[PDB]
Amino acid sequence: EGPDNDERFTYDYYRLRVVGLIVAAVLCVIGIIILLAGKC
Amino acid sequence: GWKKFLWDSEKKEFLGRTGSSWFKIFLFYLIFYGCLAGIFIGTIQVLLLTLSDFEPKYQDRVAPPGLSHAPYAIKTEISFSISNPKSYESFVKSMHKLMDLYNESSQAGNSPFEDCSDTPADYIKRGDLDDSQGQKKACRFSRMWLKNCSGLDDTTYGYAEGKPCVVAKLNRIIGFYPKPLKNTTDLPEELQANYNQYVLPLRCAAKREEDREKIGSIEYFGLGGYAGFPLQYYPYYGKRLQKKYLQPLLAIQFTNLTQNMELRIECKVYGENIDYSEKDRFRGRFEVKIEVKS
Amino acid sequence: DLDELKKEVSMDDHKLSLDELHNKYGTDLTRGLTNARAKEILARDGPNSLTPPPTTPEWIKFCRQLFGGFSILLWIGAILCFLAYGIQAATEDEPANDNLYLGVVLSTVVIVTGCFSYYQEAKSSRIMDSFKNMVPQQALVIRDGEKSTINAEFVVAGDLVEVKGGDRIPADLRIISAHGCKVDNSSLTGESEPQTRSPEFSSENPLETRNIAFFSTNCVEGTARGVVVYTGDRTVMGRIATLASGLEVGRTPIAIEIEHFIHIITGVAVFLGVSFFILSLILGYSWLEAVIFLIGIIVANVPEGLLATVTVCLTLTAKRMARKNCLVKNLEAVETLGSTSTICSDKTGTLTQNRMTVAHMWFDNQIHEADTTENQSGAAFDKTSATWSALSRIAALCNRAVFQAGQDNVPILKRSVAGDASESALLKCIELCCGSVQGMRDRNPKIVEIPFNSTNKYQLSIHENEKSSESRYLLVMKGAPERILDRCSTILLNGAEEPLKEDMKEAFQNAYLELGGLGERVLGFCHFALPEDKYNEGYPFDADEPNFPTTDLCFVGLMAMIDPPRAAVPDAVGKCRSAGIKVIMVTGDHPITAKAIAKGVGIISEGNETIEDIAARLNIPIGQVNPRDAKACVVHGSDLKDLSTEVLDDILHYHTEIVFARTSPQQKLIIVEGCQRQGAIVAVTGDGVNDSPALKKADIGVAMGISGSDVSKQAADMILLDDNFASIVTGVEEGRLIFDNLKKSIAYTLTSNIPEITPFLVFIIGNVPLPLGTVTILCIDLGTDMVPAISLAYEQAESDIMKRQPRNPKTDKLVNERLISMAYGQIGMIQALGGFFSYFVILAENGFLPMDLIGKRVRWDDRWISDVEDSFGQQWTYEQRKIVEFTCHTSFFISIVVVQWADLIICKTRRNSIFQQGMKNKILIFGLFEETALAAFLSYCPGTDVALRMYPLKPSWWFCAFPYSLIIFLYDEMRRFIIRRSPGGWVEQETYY
Ligand SMILES: *[C@@H]1O[C@H](CO[C@@H]2O[C@@H](C)[C@@H](O)[C@@H](O)[C@@H]2O)[C@@H](O[C@@H]2O[C@H](CO)[C@@H](O[C@@H]3O[C@H](CO[C@H]4O[C@H](CO)[C@@H](O)[C@H](O)[C@@H]4O)[C@@H](O)[C@H](O[C@H]4O[C@H](CO)[C@@H](O)[C@H](O)[C@@H]4O)[C@@H]3O)[C@H](O)[C@H]2NC(C)=O)[C@H](O)[C@H]1NC(C)=O
Ligand SMILES: CCCCCCCC/C=C\CCCCCCCC(=O)OC[C@H](COP(=O)(O)OCC[N+](C)(C)C)OC(=O)CCCCCCC/C=C\CCCCCCCC
Ligand SMILES: CCCCCCCC/C=C\CCCCCCCC(=O)OC[C@H](COP(=O)(O)OCC[N+](C)(C)C)OC(=O)CCCCCCC/C=C\CCCCCCCC
Ligand SMILES: CCCCCCCC/C=C\CCCCCCCC(=O)OC[C@H](COP(=O)(O)OCC[N+](C)(C)C)OC(=O)CCCCCCC/C=C\CCCCCCCC
Ligand SMILES: CCCCCCCC/C=C\CCCCCCCC(=O)OC[C@H](COP(=O)(O)OCC[N+](C)(C)C)OC(=O)CCCCCCC/C=C\CCCCCCCC
Ligand SMILES: CCCCCCCC/C=C\CCCCCCCC(=O)OC[C@H](COP(=O)(O)OCC[N+](C)(C)C)OC(=O)CCCCCCC/C=C\CCCCCCCC
Ligand SMILES: CCCCCCCC/C=C\CCCCCCCC(=O)OC[C@H](COP(=O)(O)OCC[N+](C)(C)C)OC(=O)CCCCCCC/C=C\CCCCCCCC
Ligand SMILES: CCCCCCCC/C=C\CCCCCCCC(=O)OC[C@H](COP(=O)(O)OCC[N+](C)(C)C)OC(=O)CCCCCCC/C=C\CCCCCCCC
Ligand SMILES: C[C@@H]1O[C@@H](O[C@H]2C[C@@H](O)[C@]3(CO)[C@H]4[C@H](O)C[C@]5(C)[C@@H](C6=CC(=O)OC6)CC[C@]5(O)[C@@H]4CC[C@]3(O)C2)[C@H](O)[C@H](O)[C@H]1O
Ligand SMILES: *[C@@H]1O[C@H](CO)[C@@H](O[C@@H]2O[C@H](CO)[C@@H](O)[C@H](O)[C@H]2NC(C)=O)[C@H](O)[C@H]1NC(C)=O
Ligand SMILES: CC(C)CCC[C@@H](C)[C@H]1CC[C@H]2[C@@H]3CC=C4C[C@@H](O)CC[C@]4(C)[C@H]3CC[C@]12C
Ligand SMILES: CC(C)CCC[C@@H](C)[C@H]1CC[C@H]2[C@@H]3CC=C4C[C@@H](O)CC[C@]4(C)[C@H]3CC[C@]12C
Ligand SMILES: CC(C)CCC[C@@H](C)[C@H]1CC[C@H]2[C@@H]3CC=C4C[C@@H](O)CC[C@]4(C)[C@H]3CC[C@]12C
Ligand SMILES: CC(C)CCC[C@@H](C)[C@H]1CC[C@H]2[C@@H]3CC=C4C[C@@H](O)CC[C@]4(C)[C@H]3CC[C@]12C
Ligand SMILES: [Mg+2]
Ligand code: NA
Ligand code: NA
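Residue numbers (the deposited numbering), protein chains in the order written: chain G, 4 to 43; chain B, 12 to 305; chain A, 31 to 1023.
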């Protein structure tokens, strides 16, 4: 480390948003499944 | 209704209940809220036990350092009359408040101040961010270094005859090493001359192409006579590990300023770990609206 | 439109003569009026047509829906928001546009809710318009000595009008000459049977006399003449309709509950505002800021999403009713049924079927019962004896009625039959259990017959015998049991014949009194085989001299008949009585029949007794017995006319089974008012026009759809398109279910109010950075929260709802202090603490410890301080600290959702446990999933920190509200436990909503 400790000030917000969106989508799907599970 | 629900004399009721009822309800709520407070305090204590005293866990919201100045402008505008003295008082008061912390009387002895190179130098590492060694030592920064804007000769600092000063300062960040641009063929025009590697350059200009002509001679004052910040005053170890620490400063005199006209002056620092933002107008650069109306 | 002169009982000029009548209105009894005079009167007073109802433009009702009680509160909230914005604009520079956004949002919410409610009421209005079928009608008037058929709108007072069986009485006539003319006074006077109209006068009451024809009545059989006495709106039913239209509407119970709810919400809102206003003035702030603080707190204490949630809740319960054929015109009339505690019903057309049907039959010294139900769902009467066959031949032959041409499609009971009611019932019973009567009649040719004489009181006829082995002649007569009994000497027992000894004569007398006491009309059928040796096959028996033996006949058996009640009438009445609903019969029919129908449907429980019954069982005068020993009472209309207010109050206060007989429509209204005067909700169920003034003034009117009148259908609030009485039970059940569900949903939407106001309060008192922004409060109140609150309506019952007593209106409210103590006091507090916890965590991880946050707002807000030292010594610019504050708003909103999970689960049930009821509500599960997906989407979608100002969160923050949520679940679980084990204890009278 030392002078080139640039990583100490970076965060991968991109990957975080990608994962959070995948999870949100999955939850929405499951919800729809449960809602329509019975009318078919 | 109105009267009865307030006080009846048969059941000896007030507001609806008897004497012992208000007591039962008050006691219940007191115990409930007491438990609530104790639980919240415990959950906050575990938090205090989760953080460290010598370093902030997250340092990503303060990666690109800012660029502030000494005068306190309401809308980033400096307007004052050269005749009425009660016009630039708010400026001098601020300026003075800032420079009043660099008094030599404060910087004295071997502890905790240390004499450093009178000429720009390289970084200095006083170890890690621990408590093993006692309070670290910070380099001394003398007032006199700023030549015509020091409040030691002309207390007003310039505002008295149409020659105001502007003390710029870099935002203090823990463990931040300032890095300047290298001598390669790609570098701004301005920066070519006086490429002291150990100095972070600061250079002001005009926002619009027209205003160029109306702006006179930008005279910068600093450590060693250069227009920048010496790398030797970094890194910053934090308040806990470096109390009584002074950050470099750079004075800027806007000599030969056109009279009775609003001038937009944008100052900017250059460097690798320095990046600007179109939303935050204080990240790396800063804007000032000077108007010496007399 | 003098109401008192319309509230009075009808008067008339019936008690007159034909000369006095012709001398008062002017008219020739044998020539009628002249065309010139007829037109002079037609233009002098107006056509014989009722005035149309008062129309209603669509923008008027749309403006009505845009207003009300809840929408008005939201309107004042929007006005206040714009006022505060104008202030901030005129006092400071760079005015935040938060208030303007909130105001346009509240206005849009009100407009959308109004559009939805209006669309629903318009849907009901269209399906309601598809029922008014008005075909023009023309009457037969005699002018200058000639018969002419002119439009009903051209009949005037004074001309001569002739009617014929099958036509409708145009105006109010004064019969001058009739020929066995019967009329149907069921709609106006409620008389189930056809009253004969005679030119002579008989009773002082115009509704009882036979010399007056009435508007909208139909002549069943016969022809008659008459002078038009009353025309146009001045007719009887015209005054009744005008009175119905000139009555007020009222105010349903759900509306009063919503009003008291708004009263409490505004009380606590203005209290918190004036208190924090004096407090802010005591801490130094200026007046300009304190005013904005007051307005902000008052506006913040207003549930914006509760309006759409309540509207959808009520609409959900309305679609089910529409699925079972129960249509409501308004939207709040769906709850009134559940709160009803006294149902006033009508007999003719509502409690009964208004159709004569063969009820009991006598044969082989044994009473037999026949099925008298619409869909024919019952028990047969043992069609295996020869006696029944002979009875079928007698009834099917000695009968002149025949089904109306072209009825091959309708059922055996609902088809049209041309003839008397008794003969129609007999024909229907024979066609029901004996096959096609047309072939039974063509199988035996009728040779000679004889109508219904007023002396002979018997109908006889001779026909050939279809026996291929016997060419003799058959004779069949039918009539009153006494006359027929005096003409027999044999009895057809099990097929064989036997003498008429006094044993069977006494059994016949007991059978006659048995069928008579049942309120039925009994007839006797007998026949005889004429000896072909004394009357050969060629001899013609001309109806002139005694060609047939009047006596020595063979009596086969009696046949009774009466109008039976609808299928689900007894069960529904029993269900209503089980739920603690007082059933009181109110009808304008004979008391002898009203009492029988009451005992048959459950109004007068078997065993109870009237004062006359006791006087008859003891053989003592009626003035001696005490009226307190009689639970049920039959109040006659004639006696009701002379009764004070206190007497009526006592009648309803001491008698549990009341039956008002021979009561006029005005008296029906008086009875409804006498029931309301005490304090109970009233539901009137009717079908005719006499029920119009009763359905309007009652808290809720139920009109029949098929057998109901247009006036009562337009003046009622609920319509039974299928004429099923069980819908009343279904409605009273749904009205309760949706009440307990409204309570749950209200507590849910109110719990979040605290963790949405506490941040601003701590912001002003403690001077800390703003914890909860405005676009997050908007994303919570109008976003995520909507679906769960809507789902709370689909919750099933916990205990039997059709078992508990009706809710008391003066004590059990919809929103009491027990709810406020939970939402505002216990759950909301925990949610607010969880939000503040996530807040402090976010600010502590970035560098701002809790000790340095108190006292920073002055510099944390300042836009020109680009160097704010934190707990570690770092310098933060303005935009950087603002970004952190926005991330704290995002995490606060997510913490709110996390605690709302456990709040929706503890709000699902009010008393029972979750491990008992069960998570069978799929909508609630979908609500939780969507509530979480929306928060994740609002935070992680790119471009949100620019549009809505919501930054992404780090996976470790999302877990700061979990312990508070589980704690909420545990607290409410143990709460809903002591209530069960300890009924009536502190936890019940303190936290049981
Ligand atoms: C850091 O240094 C500041 C300056 O230090 C001075 O210069 C350095 C190089 C050394 O020589 C040091 O010894 C000097 O003091 C220091 O601020 C100074 O503090 C003194 C003490 O209060 C001030 O003296 C007073 O001046 C006023 C009038 O001031 C006028 O000028 C200033 C600008 O300079 C304006 O801001 C004012 O509004 C006025 O226009 C006198 O009225 C006052 O009278 C008092 O003393 C006399 C005897 O002399 C008595 O008779 C009276 O009753 C009063 O008791 C003082 O003479 C001096 O103005 C001030 N300088 C500045 C620029 O403000 C600062 O405090 C140091 N800070 C730290 C943390 O070390
Ligand atoms: C009955 C009702 C059923 C309801 C089911 C709902 C479905 C749940 C759906 C999804 C949940 C799974 C989520 C998994 C996501 C992992 C993704 C991942 O890669 O994530 C990594 C992070 C670490 O982030 P960092 O900051 O360290 O690095 C940041 C580094 N950078 C930023 C530089 C890149 O980690 C994380 O997010 C941690 C993710 C959270 C961990 C899950 C914890 C589960 C808690 C309780 C369940 C226990 C069940 C027990 C079984 C009982 C059976 C009877
Ligand atoms: C019946 C069955 C139904 C099934 C339906 C399934 C639907 C599909 C399900 C999931 C789809 C997943 C899509 C994933 C998209 C990833 C986009 C992404 O990762 O973009 C990230 C980057 C922005 O990063 P940055 O550097 O600006 O970060 C800020 C850095 N700072 C602030 C520090 C400077 O993007 C960019 O640049 C470019 C972005 C371009 C626009 C992409 C649009 C994405 C928006 C919405 C799609 C998500 C919907 C998911 C469903 C949810 C339902 C509620
Ligand atoms: C920065 C700091 C943050 C601050 C945040 C504050 C958040 C505010 C949270 C909650 C607001 C509380 C406001 C008061 C709410 C009271 C509820 C209420 O008014 O509901 C209305 C009920 C009516 O109910 P009903 O329809 O069933 O009546 C039927 C009567 N029938 C049937 C016999 C005719 O009326 C009643 O309950 C009667 C009225 C009783 C009024 C009691 C007033 C108590 C208020 C404060 C006491 C403080 C004392 C502290 C010192 C303690 C000693 C150590
Ligand atoms: C540290 C973290 C703290 C978090 C605190 C917040 C927690 C809130 C979230 C979830 C709480 C779950 C509570 C579990 C309750 C289970 C109760 C249960 O199992 O009672 C059994 C019932 C009773 O049956 P019975 O005897 O009446 O049947 C009679 C059948 N006959 C009539 C045919 C005989 O059986 C039934 O209800 C039928 C089967 C229903 C199965 C339900 C399974 C779904 C459960 C939860 C859904 C997950 C939501 C997650 C939300 C997050 C979204 C991201
Ligand atoms: C059963 C039925 C299922 C139906 C489910 C439907 C789910 C729909 C799922 C996803 C669609 C969501 C909308 C997609 C929006 C895409 C926006 C986008 O791709 O933006 C990309 C660019 C960002 O570019 P940059 O990184 O270079 O910017 C740098 C800016 N610097 C550097 C100055 C800071 O955007 C910009 O520039 C400008 C950003 C414009 C802001 C648009 C956001 C809209 C705001 C509120 C609407 C959300 C309402 C919630 C609806 C919930 C429905 C369930
Ligand atoms: C069924 C489930 C539904 C779920 C949906 C959630 C419901 C949401 C409920 C309420 C949220 C609506 C609040 C509207 C907020 C508008 C904010 C706004 O106008 O801010 C104005 C900003 C100006 O900002 P500045 O001064 O910092 O600019 C400085 C620029 N300098 C410095 C560079 C010059 O301009 C901008 O952001 C420009 C971009 C404009 C973005 C408009 C986004 C509108 C978002 C929603 C409206 C549609 C919602 C309808 C759905 C209803 C659901 C029932
Ligand atoms: C972060 C958020 C944390 C939140 C934690 C909250 C924990 C605090 C929970 C409970 C503390 C309150 C205890 C108050 C005790 C004093 C009350 C009292 O003075 O009461 C007197 C009555 C006895 O009078 P009586 O009825 O015989 O007289 C008849 C009189 N007449 C006619 C009016 C009915 O007392 C009774 O009835 C007995 C009723 C006692 C009340 C039981 C309530 C228990 C509720 C929750 C405990 C579960 C905590 C689970 C937490 C897990 C954390 C992980
Ligand atoms: C003391 C004061 O603090 C700041 O202003 C404060 C008053 C006012 O400006 C607002 C914006 O109007 C208020 C507004 O009033 C009431 C709210 C809409 C309220 C509600 C939420 C809800 O749902 O219903 C009501 C909760 C807080 C609120 O969301 C905003 C938050 C931002 C703020 O800005 C805060 C400024 O810095 C100002 O300059 C300084 O004088
Ligand atoms: C400062 O600005 C002034 C102008 O305001 C410059 O002086 C002018 O020079 C021109 C010749 O180019 C003369 O015509 C004017 O008369 C001068 N004006 C004054 C007021 O002297 C001056 O050269 C500038 N000096 C510096 C150091 O920038
Ligand atoms: C039925 C109950 C007990 C299940 C509770 C599930 C909780 C713990 C789930 C629901 C949604 C989940 C979060 C939703 C979104 C994200 C962002 C993603 O990029 C990493 C995982 C993370 C941070 C999840 C952590 C776990 C989480 C909060
Ligand atoms: C289950 C519930 C009701 C128990 C709540 C217990 C409460 C009262 C306990 C839990 C954690 C405790 C605190 C935790 C940490 C400290 C710091 C220490 O240097 C002094 C005691 C002090 C200040 C404690 C005071 C009491 C406290 C807040
Ligand atoms: C059973 C009950 C009483 C246990 C409650 C446990 C409490 C003390 C736990 C639950 C969740 C925990 C917090 C959740 C999230 C974070 C963020 C992380 O980056 C550091 C730890 C920190 C700050 C935790 C501190 C301790 C905490 C508040
Ligand atoms: C921010 C903090 C310090 C405020 C604490 C306020 C507490 C004490 C307030 C909030 C809600 C209040 C209760 C809410 C409801 C009721 C029911 C009412 O019929 C009598 C007053 C009573 C019993 C209140 C007593 C005081 C109470 C519990
Ligand atoms: Mg009727
Ligand atoms: Na609110
Ligand atoms: Na009504």
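Every residue gets a Cβ at the ideal spot worked out from N, C-alpha and C, and that includes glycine.
- Would you mind telling me which residues of chain G sit closer than 7 Å to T962(A), beta carbon to beta carbon, in chain order? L30
- Message: Is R18(G) close to chain B? Criterion is C-beta to C-beta, closer than 8 Å.
- Response: no
- Task: Just tell me which of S275(A), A348(A), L812(A) and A598(A) has its CA closest to the CA of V142(A).
- Result: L812(A)
- Query: So which residues of chain B does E1018(A) contact, with C-beta pairs closer than 7 Å?
  - Reply: Near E1018(A) there are no residues of chain B at all, since even the closest Cβ is about 14 Å away, more than 7 Å.
- Message: Strictly under 8 Å for the Cβ-Cβ distance: is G5(G) near chain A by that measure?
- Response: no
- Query: Closest Cβ-Cβ distance between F967(A) and chain G: below 8 Å?
  - Reply: yes
- When the Cα atoms are used, what is the spatial distance from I924(A) to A338(A)? 23 Å
- Message: Following a CB-centred definition, is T86(A) positioned closer than 7 Å to any heavy atom of ligand 15?
- Response: no
- Within the region 808-835 of chain A, ranges of the alpha helix (DSSP H) (whole runs, at least 4 residues): 816-821
- Query: Rounded to the nearest angstrom, how far is the Cβ of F878(A) from that of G34(G), given a contact under 8 Å?
  - Reply: Not a contact, Cβ separation roughly 37 Å.
- Item | Heavy atoms of ligand 12 versus C-beta positions, residues under 7 Å | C46(B), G49(B), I50(B), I52(B), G53(B) and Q56(B)
- Who are the neighbours of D9(G) on chain B, taking C-beta pairs under 8 Å? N284
- Task: Examine chain B for any beta-carbon lying closer than 8 Å to the beta-carbon of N876(A), and answer yes or no.
- Result: yes
- Task: Under the assumption that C150(B) contacts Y244(B) (Cβ atoms under 8 Å), give the Cβ distance between them as a whole number of angstroms.
- Result: 6 Å
- Query: Considering only C-alpha positions, which residue in the set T640(A), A208(A) and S499(A) is nearest to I681(A)?
  - Reply: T640(A)
- Item | chain G contact for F956(A) (CB, 8 Å cutoff) | yes
- Give the interface partners of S896(A) over in chain B, defined as CB-CB distance under 7 Å, in chain order. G77, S79 and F293
- Item | Chain-ordered neighbours of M158(A) on chain B, where CB pairs are closer than 8 Å | None at all; the shortest Cβ gap to chain B is about 42 Å.
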